[PDB]
Amino acid sequence: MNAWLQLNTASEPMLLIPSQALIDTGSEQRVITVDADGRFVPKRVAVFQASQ
Amino acid sequence: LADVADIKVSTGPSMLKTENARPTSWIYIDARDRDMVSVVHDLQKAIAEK
């Protein structure tokens, strides 16, 4: 018989965000932070790895 | 797949406008309040100087 084996592996704690909120131009990755006054401000981040 | 290749994200051409073989970009302007010629003339100054 066949059997599918799905695994889940924990990884070293890093800053986590919904993947949809991560822009990428291939040379820089950024997100759009929401200030205290609602002001939308962008910032660069260094990605580690994504999944799920 | 990463055992027979790399995969890298890039930024490049979205669509090549080819007017008479020469690549070109169009700038769409929507002014309705003023009169046409007065706007374009003012656009001709702003662009010329800056």
# chains A, B, ... in the order shown; residues from 1 in each chain; ligands from 1
>>> interface_residues(of="chain B", to="chain A", cutoff="10 Å", atoms="only C-alpha atoms", output="count of residues only")
5
>>> select_by_dssp(residues="chain B", states="helix (DSSP H, G or I)", output="PyMOL selection string")
chain B and resi 36-49
>>> select_by_dssp(residues="segment 3-46 of chain B", states="strand (DSSP E or B)", output="PyMOL selection string")
chain B and resi 18-19+22-23
>>> residues_around(residues="residue 23 of chain A", least_positions_apart="6", cutoff="10 Å", atoms="only C-alpha atoms", output="compact mmCIF listing (two decimals) with C-alpha atoms, in the first residue's frame")
# COMPACT_ATOMS: atom_id res chain seq x y z
CA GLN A 29 12.69 42.90 0.43
CA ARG A 30 10.41 45.22 2.37
CA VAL A 31 7.10 45.52 4.18
CA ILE A 32 4.66 48.33 4.93
CA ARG A 44 13.48 47.03 4.54
CA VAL A 45 13.84 43.59 6.12
>>> closest_residue(among="A:13, A:19, A:35, A:5", to="residue 51 of chain A", atoms="only C-alpha atoms")
A:19
>>> atom_distance(atom1="atom CA of residue 43 of chain A", atom2="atom CA of residue 15 of chain A")
14.2 Å
>>> atom_distance(atom1="atom CA of residue 48 of chain B", atom2="atom CA of residue 24 of chain B")
18.9 Å
>>> atom_distance(atom1="atom CA of residue 52 of chain A", atom2="atom CA of residue 40 of chain A")
26.7 Å
>>> residues_around(residues="residue 14 of chain A", least_positions_apart="2", cutoff="12 Å", atoms="only C-alpha atoms", output="short mmCIF file (atom, residue, chain, number, x, y, z; two decimals) with N, CA, C and O atoms, in the first residue's frame")
data_model
loop_
_atom_site.label_atom_id
_atom_site.label_comp_id
_atom_site.auth_asym_id
_atom_site.auth_seq_id
_atom_site.Cartn_x
_atom_site.Cartn_y
_atom_site.Cartn_z
N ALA A 10 9.96 22.37 13.85
CA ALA A 10 10.17 23.67 14.48
C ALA A 10 11.53 24.22 14.08
O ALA A 10 12.47 23.46 13.82
N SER A 11 11.64 25.54 14.04
CA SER A 11 12.89 26.19 13.66
C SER A 11 13.25 27.31 14.63
O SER A 11 12.39 27.80 15.37
N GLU A 12 14.51 27.72 14.62
CA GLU A 12 14.99 28.75 15.52
C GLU A 12 14.12 30.01 15.43
O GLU A 12 13.86 30.51 14.34
N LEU A 16 8.22 36.79 12.68
CA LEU A 16 7.28 36.15 11.77
C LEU A 16 6.15 37.07 11.31
O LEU A 16 5.59 37.83 12.10
N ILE A 17 5.83 37.00 10.02
CA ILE A 17 4.79 37.82 9.43
C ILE A 17 4.06 37.04 8.34
O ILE A 17 4.65 36.17 7.70
N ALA A 46 15.36 41.70 6.20
CA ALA A 46 16.14 40.61 5.65
C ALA A 46 15.41 39.30 5.90
O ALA A 46 15.20 38.91 7.05
N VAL A 47 15.03 38.61 4.83
CA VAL A 47 14.24 37.40 4.96
C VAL A 47 15.10 36.22 5.41
O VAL A 47 16.30 36.17 5.14
N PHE A 48 14.48 35.27 6.11
CA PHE A 48 15.16 34.07 6.57
C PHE A 48 14.68 32.86 5.78
O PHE A 48 15.45 32.21 5.08
N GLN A 49 13.39 32.56 5.92
CA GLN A 49 12.75 31.48 5.16
C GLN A 49 11.25 31.46 5.43
O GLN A 49 10.79 31.87 6.49
N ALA A 50 10.49 30.97 4.46
CA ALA A 50 9.04 30.91 4.57
C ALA A 50 8.53 29.49 4.42
O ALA A 50 9.22 28.63 3.88
#
